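Okay, entry15.cif now, which holds mmCIF, C-alpha atoms:
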data_coords
loop_
_atom_site.label_atom_id
_atom_site.label_comp_id
_atom_site.auth_asym_id
_atom_site.auth_seq_id
_atom_site.Cartn_x
_atom_site.Cartn_y
_atom_site.Cartn_z
CA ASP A 28 72.70 101.26 48.37
CA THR A 29 72.25 105.07 49.25
CA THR A 30 72.12 105.91 52.95
CA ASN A 31 69.01 105.04 54.99
CA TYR A 32 70.01 106.22 58.52
CA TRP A 33 70.78 109.44 60.42
CA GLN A 34 72.51 109.41 63.80
CA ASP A 35 72.62 112.39 66.13
CA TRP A 36 73.79 111.15 69.51
CA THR A 37 75.35 113.43 72.20
CA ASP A 38 75.95 113.02 75.99
CA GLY A 39 74.33 116.55 76.20
CA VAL A 40 77.54 118.29 77.39
CA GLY A 41 78.22 121.61 75.65
CA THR A 42 76.56 122.59 72.31
CA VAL A 43 76.36 120.12 69.39
CA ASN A 44 74.17 121.29 66.44
CA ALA A 45 73.69 118.50 63.88
CA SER A 46 71.72 118.90 60.64
CA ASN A 47 70.09 116.05 58.70
CA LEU A 48 70.53 117.49 55.18
CA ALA A 49 69.34 116.05 51.87
CA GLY A 50 70.43 112.55 50.82
CA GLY A 51 73.68 111.38 52.45
CA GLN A 52 74.77 114.88 53.58
CA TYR A 53 75.01 116.16 57.13
CA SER A 54 76.77 118.88 59.08
CA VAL A 55 77.68 119.37 62.72
CA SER A 56 78.97 122.37 64.66
CA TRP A 57 80.12 121.91 68.30
CA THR A 58 81.50 124.06 71.14
CA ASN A 59 83.00 122.52 74.31
CA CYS A 60 81.40 119.13 73.82
CA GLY A 61 81.60 116.08 76.05
CA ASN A 62 81.21 113.18 73.65
CA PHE A 63 78.99 112.94 70.54
CA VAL A 64 78.68 110.66 67.48
CA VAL A 65 76.84 112.18 64.46
CA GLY A 66 76.65 110.78 60.94
CA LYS A 67 74.91 109.05 58.10
CA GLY A 68 74.91 105.54 56.81
CA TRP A 69 72.85 102.37 57.31
CA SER A 70 70.67 101.10 60.17
CA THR A 71 72.04 97.52 59.62
CA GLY A 72 75.77 97.29 58.89
CA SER A 73 77.29 94.85 56.41
CA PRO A 74 80.82 93.39 56.41
CA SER A 75 80.89 93.69 52.55
CA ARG A 76 79.69 97.30 52.22
CA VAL A 77 81.70 99.67 50.08
CA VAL A 78 81.28 103.13 51.65
CA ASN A 79 82.00 106.43 49.92
CA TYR A 80 82.18 109.92 51.42
CA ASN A 81 83.40 113.45 50.75
CA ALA A 82 84.07 115.61 53.82
CA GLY A 83 83.47 119.15 52.50
CA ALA A 84 84.82 120.25 55.92
CA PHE A 85 86.37 118.42 58.88
CA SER A 86 87.92 120.97 61.25
CA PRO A 87 88.13 119.80 64.86
CA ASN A 88 89.74 122.29 67.33
CA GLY A 89 91.12 119.57 69.57
CA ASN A 90 89.95 115.94 69.57
CA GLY A 91 87.56 114.79 66.83
CA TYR A 92 87.51 111.77 64.51
CA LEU A 93 86.11 111.08 61.07
CA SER A 94 85.55 107.35 60.67
CA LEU A 95 83.53 104.48 59.37
CA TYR A 96 81.89 103.54 62.70
CA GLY A 97 79.44 100.98 63.96
CA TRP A 98 78.45 98.28 66.41
CA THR A 99 77.79 94.58 66.57
CA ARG A 100 76.22 92.56 69.34
CA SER A 101 76.99 88.94 70.34
CA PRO A 102 79.62 89.96 71.19
CA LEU A 103 79.31 93.74 71.77
CA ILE A 104 81.97 95.43 69.57
CA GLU A 105 82.41 99.10 68.72
CA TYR A 106 84.47 99.41 65.52
CA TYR A 107 86.24 102.22 63.68
CA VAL A 108 88.01 102.86 60.37
CA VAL A 109 89.57 106.27 61.22
CA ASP A 110 90.54 108.39 58.16
CA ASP A 111 91.02 111.77 59.90
CA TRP A 112 91.51 113.12 63.42
CA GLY A 113 92.34 116.45 65.12
CA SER A 114 94.84 116.90 67.94
CA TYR A 115 94.78 113.20 69.06
CA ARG A 116 95.38 110.01 67.01
CA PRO A 117 93.49 107.16 68.67
CA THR A 118 95.45 103.92 69.46
CA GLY A 119 95.16 100.70 71.42
CA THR A 120 97.00 97.40 71.43
CA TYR A 121 98.82 96.95 68.08
CA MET A 122 97.73 93.88 66.03
CA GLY A 123 99.21 94.61 62.54
CA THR A 124 98.38 96.70 59.49
CA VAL A 125 95.92 96.76 56.61
CA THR A 126 96.42 98.62 53.33
CA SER A 127 93.15 99.72 51.68
CA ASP A 128 91.85 102.55 49.46
CA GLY A 129 95.29 104.24 49.22
CA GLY A 130 95.97 104.20 52.98
CA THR A 131 97.93 102.07 55.41
CA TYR A 132 96.07 101.61 58.70
CA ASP A 133 97.37 100.39 62.07
CA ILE A 134 95.03 97.78 63.61
CA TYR A 135 94.31 97.99 67.36
CA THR A 136 92.17 96.24 69.97
CA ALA A 137 90.99 97.74 73.24
CA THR A 138 88.66 96.88 76.12
CA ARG A 139 86.17 99.44 77.49
CA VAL A 140 85.14 98.52 81.08
CA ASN A 141 81.58 99.43 82.29
CA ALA A 142 81.69 102.21 79.74
CA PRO A 143 79.00 103.92 77.69
CA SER A 144 77.69 101.91 74.77
CA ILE A 145 74.74 101.36 72.42
CA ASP A 146 73.25 99.21 75.35
CA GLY A 147 74.19 101.65 78.20
CA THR A 148 76.92 100.74 80.76
CA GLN A 149 78.63 97.59 79.35
CA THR A 150 82.08 96.06 79.15
CA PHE A 151 82.86 95.74 75.43
CA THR A 152 85.65 95.57 72.86
CA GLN A 153 86.85 98.08 70.27
CA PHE A 154 88.32 97.07 66.88
CA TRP A 155 90.26 99.92 65.23
CA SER A 156 91.82 100.60 61.85
CA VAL A 157 93.60 104.00 62.22
CA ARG A 158 95.16 105.56 59.10
CA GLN A 159 98.91 106.11 59.64
CA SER A 160 98.52 109.67 58.24
CA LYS A 161 95.39 111.88 57.88
CA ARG A 162 93.48 111.23 54.66
CA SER A 163 92.79 114.11 52.25
CA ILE A 164 89.70 116.22 53.12
CA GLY A 165 87.31 117.45 50.37
CA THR A 166 88.02 114.43 48.15
CA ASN A 167 85.78 111.49 47.18
CA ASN A 168 87.08 108.79 49.56
CA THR A 169 86.16 105.07 49.49
CA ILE A 170 86.39 102.70 52.49
CA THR A 171 86.30 99.11 51.24
CA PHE A 172 85.11 97.76 54.61
CA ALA A 173 85.58 94.08 53.61
CA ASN A 174 89.36 94.69 53.52
CA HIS A 175 89.25 95.83 57.17
CA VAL A 176 86.83 93.03 58.21
CA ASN A 177 89.11 90.43 56.60
CA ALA A 178 92.30 91.96 58.07
CA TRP A 179 90.66 92.02 61.48
CA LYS A 180 89.56 88.36 61.12
CA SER A 181 93.22 87.38 60.49
CA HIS A 182 94.07 88.72 64.04
CA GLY A 183 91.06 86.98 65.73
CA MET A 184 89.08 90.26 65.65
CA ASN A 185 85.80 88.62 64.61
CA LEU A 186 82.71 90.87 64.61
CA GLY A 187 79.49 89.87 66.33
CA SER A 188 76.62 88.07 64.59
CA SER A 189 74.00 90.85 65.19
CA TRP A 190 74.73 94.06 63.19
CA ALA A 191 73.67 97.52 64.48
CA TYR A 192 74.15 100.79 62.56
CA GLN A 193 77.13 101.62 60.32
CA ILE A 194 77.89 105.29 59.54
CA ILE A 195 80.47 107.78 58.44
CA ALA A 196 80.71 109.45 61.85
CA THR A 197 82.04 112.71 63.16
CA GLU A 198 82.90 112.14 66.83
CA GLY A 199 84.16 114.73 69.28
CA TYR A 200 85.71 114.52 72.75
CA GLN A 201 86.04 117.63 74.99
CA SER A 202 86.55 119.81 71.88
CA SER A 203 85.01 122.34 69.47
CA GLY A 204 84.74 122.11 65.72
CA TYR A 205 82.77 121.88 62.45
CA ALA A 206 82.23 119.14 59.86
CA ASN A 207 80.19 118.78 56.66
CA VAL A 208 80.12 115.34 55.03
CA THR A 209 78.30 113.54 52.20
CA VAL A 210 77.98 109.73 52.40
CA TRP A 211 76.91 107.22 49.74
#

Write the structure described by the file as structure tokens, please.
Amino acid sequence: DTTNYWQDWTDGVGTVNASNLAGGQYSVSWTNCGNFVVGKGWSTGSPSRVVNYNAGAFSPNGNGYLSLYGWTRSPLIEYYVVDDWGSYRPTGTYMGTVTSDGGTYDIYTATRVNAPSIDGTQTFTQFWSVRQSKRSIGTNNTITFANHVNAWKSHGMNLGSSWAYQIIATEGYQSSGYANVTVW
């Protein structure tokens, strides 16, 4: 189940240089970005996928995230399993916790109103698992996504029936930084 998909999306604000390197590896350098989502993974997500990564570097100067990230449709859901962040730890409405792969994660919901999405301007829902402390960087890290899917289900956070991409994403917001990550 090695990676099959490369994502290099930016809103075109500031400079985001993303490199599609061999296999599951990518890098990104950014200066004064708006928003971007870069990473590697799978063009069709699975609720049972076991994802592995090693972030050789993850050094946001300000707001960036390193997450398992993807979308469903029917309904439209943007989801995150956040292992590392910079200056800002993302939150929403608290639902409970899930303990997986050595971490305890807070579970949040949020609504995004007429906001940017995979289908342009849409009102959609976010499902979050946010680690309570930053995960180690430069280590081989597993995200057992079924644990998060099943924890989310227990709070009525059911994913949509149509799966879009599923990646280990570096995301920045009004920040600068560097990352270098290998996914498998």

Residues selected by the PyMOL selection byres ((chain A and resi 53) around 7), written as an MDAnalysis selection string: chainID A and resid 46:48 51:52 54:55 66 207:209

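Of note, atom CA of residue A:155 and atom CA of residue A:30 are spaced 22.7 Å apart.
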
On this structure, the PyMOL selection byres ((chain A and resi 88) around 9) would catch which residues? List them as an MDAnalysis selection string, sorted by chain and number. chainID A and resid 86:87 89:91 113:114 202:205

Using only C-alpha atoms for the distances, tell me which of A:139, A:199, A:211, A:36 is nearest to residue A:60.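 The shortest atom-to-atom distance to residue A:60 comes from A:199.
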
Dig up all the protein and nucleic acid residues within 7 Å of (77.6, 99.7, 65.1) in the file frame, using all atoms listed in the file, and format them as a ChimeraX atom specification. /A:72,96-99,105-106,190-193

Take the residues from that selection and write them out as a PDB file, in the coordinates of the input, keeping C-alpha atoms.
ATOM      1  CA  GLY A  72      75.770  97.290  58.890  1.00  0.00           C
ATOM      2  CA  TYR A  96      81.890 103.540  62.700  1.00  0.00           C
ATOM      3  CA  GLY A  97      79.440 100.980  63.960  1.00  0.00           C
ATOM      4  CA  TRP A  98      78.450  98.280  66.410  1.00  0.00           C
ATOM      5  CA  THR A  99      77.790  94.580  66.570  1.00  0.00           C
ATOM      6  CA  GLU A 105      82.410  99.100  68.720  1.00  0.00           C
ATOM      7  CA  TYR A 106      84.470  99.410  65.520  1.00  0.00           C
ATOM      8  CA  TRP A 190      74.730  94.060  63.190  1.00  0.00           C
ATOM      9  CA  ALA A 191      73.670  97.520  64.480  1.00  0.00           C
ATOM     10  CA  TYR A 192      74.150 100.790  62.560  1.00  0.00           C
ATOM     11  CA  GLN A 193      77.130 101.620  60.320  1.00  0.00           C
TER      12      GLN A 193
END

Nearest to residue A:50 by atom-to-atom distance, counting all atoms listed in the file, from A:210, A:178, A:145, A:140: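 The shortest atom-to-atom distance to residue A:50 comes from A:210.
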
Within 8 Å of residue A:74, counting all atoms listed in the file, which residues show up once you throw out same-chain ones fewer than 4 positions away? Write them as an MDAnalysis selection string, please. chainID A and resid 172:173 176

Taking the file as shown, what set of residues would the PyMOL selection byres ((chain A and resi 31) around 8) give back, as a PyMOL selection string? chain A and resi 29-30+32-33+67-70

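Separating atom CA of residue A:151 from atom CA of residue A:39 is a distance of 22.5 Å.
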
Length of the atom CA of residue A:125 to atom CA of residue A:111 vector [Å]: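 Computed distance, atom CA of residue A:125 to atom CA of residue A:111, equals 16.1 Å.
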
I need the residue nearest residue A:110 from this list: A:195, A:64, A:93, A:164. Use all atoms listed in the file for the distance.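 Residue with the minimum atom-to-atom distance to residue A:110: A:93.
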
If we count all atoms listed in the file, what is near residue A:128 at a cut-off of 9 Å, once residues fewer than 2 positions away on the same chain are taken out, given as a PDB file with C-alpha atoms, in the frame of the given file?
ATOM      1  CA  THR A 126      96.420  98.620  53.330  1.00  0.00           C
ATOM      2  CA  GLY A 130      95.970 104.200  52.980  1.00  0.00           C
ATOM      3  CA  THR A 131      97.930 102.070  55.410  1.00  0.00           C
ATOM      4  CA  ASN A 168      87.080 108.790  49.560  1.00  0.00           C
ATOM      5  CA  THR A 169      86.160 105.070  49.490  1.00  0.00           C
ATOM      6  CA  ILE A 170      86.390 102.700  52.490  1.00  0.00           C
ATOM      7  CA  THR A 171      86.300  99.110  51.240  1.00  0.00           C
TER       8      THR A 171
END

Just the residues within 7 Å of residue A:137, please, counting only C-alpha atoms, with nothing from its chain fewer than 2 positions along; format it as a VMD selection string. chain A and resid 119 to 120 135 139 152 to 154

Residue among A:132, A:121, A:57, A:80 lying closest to residue A:40, counting all atoms listed in the file: A:57
